[PDB]
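As structure tokens, the structure follows; a few thoughts come after it.
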Amino acid sequence: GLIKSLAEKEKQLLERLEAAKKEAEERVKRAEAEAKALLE
Amino acid sequence: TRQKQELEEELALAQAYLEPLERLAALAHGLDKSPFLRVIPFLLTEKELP
């Protein structure tokens with residue numbers, strides 16, 4: 001029964017998907033900084 | 001009187017169900033930390049198995 005293995009694969013993947021999203025939204029918080037600055 | 005019935009009822013289910021549940025749980029283990037894979041338990045004896 002492999003089972004354990006593939007039920008680990010779903011964790012790794014989720015935290016890679018998670019990680020993509022996070023750095024993604026960081027870029028948004030980055031464009032927010034310039035958006036104030038460029039006006040200031 | 002109620003309590004007595006209830007206790008009996010608990011035991012009856014609990015003994016019967018105990019064996020499939022540990023066995024199924026052992027097979028299932030690693031998916032029952034949070035299904036993110038979806039699982040279906042079922043009991044079958046020899047005939048249904050193919």
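By convention here, the chains of the structure tokens are called A, B, ... in the order presented, each chain's residues are numbered starting at 1, and ligands are numbered starting at 1 in the order presented.
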
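Contact shell of residue A:7 at 10 Å (only C-alpha atoms; same-chain neighbours under 4 positions omitted): residues 2, 3, 11 and 12 of chain A; 28, 29, 30, 31, 32, 33, 34, 35, 36 and 37 of chain B.
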
Original post:
Taking the backbone alone, and naming residues the way the document does, which bits of chain A are helix (DSSP H, G or I) by DSSP, as an MDAnalysis selection string?
Top reply: chainID A and resid 6:37
